[PDB]
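A single chain, nothing else alongside it, follows as structure tokens in the form deposited in one PDB entry.
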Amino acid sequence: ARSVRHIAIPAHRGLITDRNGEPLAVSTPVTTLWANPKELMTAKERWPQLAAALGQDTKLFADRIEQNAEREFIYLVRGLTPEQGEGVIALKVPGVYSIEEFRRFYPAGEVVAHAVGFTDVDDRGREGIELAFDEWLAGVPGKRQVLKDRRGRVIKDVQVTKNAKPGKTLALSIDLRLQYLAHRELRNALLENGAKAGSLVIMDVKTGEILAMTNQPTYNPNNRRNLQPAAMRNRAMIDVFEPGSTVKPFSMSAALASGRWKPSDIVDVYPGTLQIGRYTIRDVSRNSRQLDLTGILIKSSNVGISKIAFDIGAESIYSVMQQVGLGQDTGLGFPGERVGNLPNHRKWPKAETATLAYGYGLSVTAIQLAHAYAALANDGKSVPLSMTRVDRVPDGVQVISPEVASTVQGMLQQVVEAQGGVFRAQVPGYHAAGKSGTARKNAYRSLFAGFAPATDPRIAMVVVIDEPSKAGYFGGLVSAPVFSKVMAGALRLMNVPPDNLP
């Protein structure tokens, strides 16, 4: 006859900003319309105007009400503007009710779609930060007591038994200015090279903060009608790859820490191949005999790094890679984040020793690679990763000795600045450091990973471009130019003083 029931009071989802307070996700007030069929059934002459207001066929609308004439609740539509919300309310139909709800808008849209993420139809987080910090952002909902009659007509609002608590504001580590630069330059590299996909990550080597994370393809998270799923992949965090030659500096770190190698030591790489039973190690350029350790990185000799790997043992290389976080949990607690794999064999045969040392037989993400380079640039100290603005920097872990990291930094500066090096990664006005890669998946992954300024490193960056088709595929020519252009702008946006001085 008269029954007490409780209706959920939706809560306003917390504002997401970039590190500078620019809005990235905002809760917009929407109006949801529900109906009591049992009441609607007493006012059928109003139905047609309501169907039209909801853009529905009059017969399909009517059929649906009749089919649910037993129920006391149905959604009519979720998530109208309050202006179109009022339109339907004006129609004054018995048994139509309104709930005030919230809809996310993403001001920056596709520029930061993967990082910021997406909410489902219930305003819960579903991809990216929205998912990872859903508990922070969501906000516990409210409860109001209503009286209903036996037909389920809402007679009376009685009281609020639990206040809605709004979700909490969250400032990302992302800098929208760098995020826009990275986005623009990665899109243009994708189109210039007719490539299938790519990622670019920018990290603060001192604070562990991710300043930019971008992927192609991307999508407009404000356009909830397409949802092409391949464009929704946050590739920087969920696509694993063999990193190939971008891990040679970690091989070189193991070599320098072994006590068996100094930078001026020499390896004979002639004739640019080496038989390992069934396997044959090949250098792309084979006009070399004696190379020093720096030369082995400038020419990316697989023969040279392999011979060093045989001398020092796979264990020492595995150890460095594990300590800098290759194939390791990032601690970011993004659900569905990929960890890849760094297989720890007890002893390694020669084949597996060589392939590890030049970046096959492990799987990593662009974010792990960027983090690893961050530790190398930060004098061998790994600072924990963050996707949220860091006020108080947590203690880092010394994973490579400062002398060794300093020495390898210098070698990577030579990889960029030396005769026959990756000149396309040069950053006019600054000393930049890094290493190119070109990985087989004929299908190629183009890689460049590095940091700047070499004098006092601030920024680590990774560029991954999947299946370039138009103009070659070497990391040194496809990805290096992107690193150059994004590092040119990012350093200046952060007011990092040019270090290419007397």
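The first residue of the shown sequence is 1; numbering continues from there. Think of the rigid core as the biggest set of C-alphas that the two forms share within 1.5 Å after superposition.
Just so you know, the form deposited in another entry exists too; it's not on screen, but the next bit is about it.
Just one of 221, 421, 95, 380 moves its Cα by 2 Å or more between this form and the one not shown on a rigid core overlay, and this residue is 95.
With the core held fixed between this form and the one not shown, residue 466 has its Cα displaced by under 2 Å. A movement of the C-alpha atom of residue 282 falling short of 2 angstroms is seen between this form and the one not shown when the two forms are aligned on their rigid core. With a cut-off of 2 Å and the rigid core superposed, residue 145 has a Cα displacement that reaches or exceeds the cut-off between this form and the one not shown.
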